[PDB]
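Undergrad: part one of the complex, untouched from its place in the assembly:
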Amino acid sequence: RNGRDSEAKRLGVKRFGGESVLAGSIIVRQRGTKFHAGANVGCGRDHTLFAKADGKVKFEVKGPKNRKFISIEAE
Amino acid sequence: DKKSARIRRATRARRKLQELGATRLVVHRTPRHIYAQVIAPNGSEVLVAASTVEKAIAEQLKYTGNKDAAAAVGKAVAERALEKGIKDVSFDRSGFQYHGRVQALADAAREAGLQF
Amino acid sequence: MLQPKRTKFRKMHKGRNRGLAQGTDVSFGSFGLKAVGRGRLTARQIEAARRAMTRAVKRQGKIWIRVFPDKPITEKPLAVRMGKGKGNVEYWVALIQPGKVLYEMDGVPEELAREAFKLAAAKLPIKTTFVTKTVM
C-alpha cells in the first residue's frame, strides 16, 4: 500500500560564502531557520533568506546557542 | 529572578534596534539613582551618559529616584546630546514599563530636543 | 529464539557487511569465542550453539550472549513472481564481522571450556577461535 511521494522542493543554499550577490537575490531556501538572517539580510515568510543590499555573502556562528547567521558586507 | 525576567523582556527590542543600526537611548531604573545612556549603533561605545548618582546633578533635587529625578536626568541627557551633535535616537525601555519614571524621563528628553 | 520486541519497522534494507567488529575483547567472562570469518547468524543458529554449551558445561558457570539478531530477513513464497512489494519477514539474523566475540563464559576450567566452545562452533556457519580474557 506504499508508492506515494512528493515532488522535491529544491531547497538548500543557493549562494555560497564569498560570492557577490545583487539585492533581493535568494541566498538560502529552507523549511525552518537553519540559518538566521544577519546584517543586510531579510527573512521571508517561508524562512527564505534574501539579500537586502549588494555585496559579498558570508556565514558565521554567533549567539549563546552557536546558531548560524548569514550576513552581507558591501564589498 | 527579576534580572532574568527583565533581560528576557528587553532582548527583542535590543535585537531590533541592533539590526536597525541606530543610536539608542538606554535607561536603567532602580529604587534610587535612575541612569541613562546613549549607545552607538555598534553597541561598543557610549556617546554620553547622565544620572543622579554624581554630585554635579544630585545637589539640587531633594531625593533621587522620583519623578523629579527622572525629569532632571531626562533633561540632562538632552543638552548633552544636542551639544554633542546627535539628534535622533531610539528609546529603549530595557524591560521597564513605560509608565512612571521611565515615561517622565522620556517626556523630558523629547521636549528638550531629543525627538523620537 | 532471540528476537526484538515492538521494533520500529517491520522491514529494513539488505545493507552490507563491510567493516570490522567492535566488541573484540572479553568483557564479562574469562573465556570467549571470537569470530574469524564474516557473515550472519540466524536466531536458530544462536539458540543451537547456546544449547550445545549449556549441556556441555552441565549448567555449571555462566553464559553470556554478545550478539542479538535485531535484523529481519524476508523471503518470497515459492512460485511467486518478482515484484509486488517486499517479501514477508521470516527470520532474524545478526551481522558478524571478524573479531566479534560471540559467546562469553566463566566459572569453569580452561580445559572444559575449550571442548564446550568447540562443540558450539561446530554448529555455526563462520570460522571461530578460542580467546581468553586479557589483562587490560
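TA: Thanks, I have the structure now. Residues are numbered from 1 along each chain as shown, chains lettered A, B, ... in the order given.
Undergrad: Which of the three states applies to residue 2?
TA: Because you didn't say which chain, this covers chain A. In three-state terms, and counting by DSSP: H, G, I helix; E, B strand; the rest coil, residue A:2 is coil.
Undergrad: try again with chain C
TA: Per three-state DSSP, the secondary structure class of residue C:2 is coil.
Undergrad: Can you name the residues in contact with stretch A:38-56?
TA: Surrounding stretch A:38-56, the residues in contact under the criterion CB atoms under 8 Å, 6 or more residues apart in numbering or on different chains are A:15, A:18-33, A:35-37, A:57, A:60, A:62, A:69-75, B:19. Every residue, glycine included, has its C-beta placed from N, CA and C.
Undergrad: List the ones among those residues that fall in helices.
TA: residue B:19 (DSSP state H).
Undergrad: Counting neighbours, which bits of stretch B:89-99 end up buried?
TA: For stretch B:89-99, the buried set under the neighbour-count rule, 16 or more other CB atoms under 10 Å in any protein chain shown, comprises B:89, B:90, B:91, B:92, B:93, B:94, B:95, B:96.
Undergrad: Mind picking the two most distant members of the residues you listed?
TA: B:89 and B:95 (18.3 Å; CB to CB).
Undergrad: Just the buried ones out of the contacts of stretch A:38-56, please.
TA: Using 16+ other CB under 10 Å as the burial test, the contacts of stretch A:38-56 include A:15, A:21, A:27-29, A:35-37, A:57, A:69-72 as buried.
Undergrad: while you're at it, add chain D from this line:
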Amino acid sequence: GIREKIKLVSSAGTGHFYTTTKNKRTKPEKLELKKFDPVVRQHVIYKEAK
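TA: So, slotting chain D in with the rest:
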C-alpha cells in the same frame, strides 16, 4: 468543504466588492469588516452579501 463563499459590498455607492469565505453554521451573523475601496480611495465599511 462546509465553508462557503460570500461577497463583501462597500457601503459607498461604488460597485466594488471583496470575496471571502465564512461558516454559516457557527457564525451566522453578518460580517462588517472595514476595508479599502479603490474606486473612492477611502476605507469604508463592507457588508456581507451573496
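Undergrad: Residue D:7 is in what secondary structure piece?
TA: Assigned by DSSP states H and E, residue D:7 belongs to strand D:4-10.
Undergrad: Parallel or antiparallel, list what pairs with that strand.
TA: strand D:17-22 (antiparallel), strand D:42-49 (antiparallel) (DSSP bridges).
Undergrad: is the most centrally placed residue in chain D in a bridge, and if so with what?
TA: Per CA atoms, centre = their mean, the C-alpha nearest to the average position across chain D is that of residue D:8, at 1.8 Å. Counting by DSSP bridges, residue D:8 forms beta bridges with residue D:18, residue D:48.
Undergrad: Of the strands paired with strand D:4-10, give the one that comes closest to residue C:107.
TA: Of all the strands paired with strand D:4-10, strand D:17-22 sits nearest to residue C:107, with 77.2 Å by CB to CB.
Undergrad: Following the chain onward from that closest one, which element is next?
TA: strand D:34-37.
Undergrad: So what touches that following strand?
TA: Strand D:34-37 is contacted from outside by D:8, D:10, D:12, D:14, D:16, D:18, D:42, D:43, D:44, D:45, D:46, using CB under 8 Å, 6+ apart.
Undergrad: in that strand, what's buried?
TA: Within strand D:34-37, the residues that qualify as buried are residue D:37, counting by 16+ other CB under 10 Å.
Undergrad: Can I get it in PDB? Just the C-alpha atoms.
TA: C-alpha atoms of strand D:34-37 as PDB (Å, rounded to 0.1, in the frame of the first residue of the first chain):
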ATOM      1  CA  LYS D  34     -13.700  47.900   7.300                       C
ATOM      2  CA  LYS D  35     -11.700  47.700   4.000                       C
ATOM      3  CA  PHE D  36     -10.200  49.900   1.400                       C
ATOM      4  CA  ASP D  37     -12.300  50.900  -1.600                       C
END
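Undergrad: let's put chain E on the structure above:
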Amino acid sequence: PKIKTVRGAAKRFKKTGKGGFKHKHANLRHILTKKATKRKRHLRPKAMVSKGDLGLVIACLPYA
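TA: Okay, chain E now, added to the rest:
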C-alpha cells in the same frame, strides 16, 4: 493553395515589433476567491511567449 491560419491561435497571440508574441495569462478566469491578490495582480498584464514554444506559434499563424 495558400496556407490557412489557425483561427484559434490568432485569437490568443498578437505579434509585436521585434517579432515576439504577447498572450494573456492562463489562470485568471474562475476560482478566484482562494487566490492571493498578489498572484492575480501579476497575472493581469500580458506576457511574452517563451522561446521553446515560439516555433510552434510561428507555424500556427504564418500570415499574422
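Undergrad: With chain E now part of the structure, what is the answer for the contacts of strand D:34-37?
TA: D:8, D:10, D:12, D:14, D:16, D:18, D:42, D:43, D:44, D:45, D:46.
Undergrad: ok, of those residues, which one's closest to chain E?
TA: Of all the contacts of strand D:34-37, the one with the least separation from chain E (CB to the nearest CB) is residue D:18, at 9.4 Å.
Undergrad: dump the residue contacts of that closest one.
TA: D:7, D:8, D:35, D:46.
Undergrad: burial measure for residue 4, as a count.
TA: Picked chain A for this. Per other CB atoms under 10 Å in any protein chain shown, the neighbour tally for residue A:4 reads 5.
Undergrad: let's do chain E instead
TA: With other CB under 10 Å as criterion, residue E:4 counts 8.
Undergrad: Quick check on it: phi, psi?
TA: Note on residue E:4: its backbone torsions stand at phi -100, psi 120 [degrees, to the nearest 10].
Undergrad: hang on, the earlier thing: you'd agree the residue nearest to the centre of chain D is up against residue D:49?
TA: Yes - using CB atoms under 8 Å as the test, residue D:8 is close enough to residue D:49 to be in contact (7.4 Å).
Undergrad: which residues does residue D:1 contact?
TA: With contacts defined as CB under 8 Å, 6+ apart, residue D:1 is in contact with no residue.
Undergrad: Nearest to residue E:16 among the contacts of strand D:34-37?
TA: Closest approach between the contacts of strand D:34-37 and residue E:16, by CB to CB: residue D:16, at 32.8 Å.
Undergrad: Overlap of the contact sets of residue D:8 and residue D:49?
TA: With CB under 8 Å, 6+ apart, residue D:8 and residue D:49 have common neighbours residue D:17.
Undergrad: Cool, thanks, talk later.
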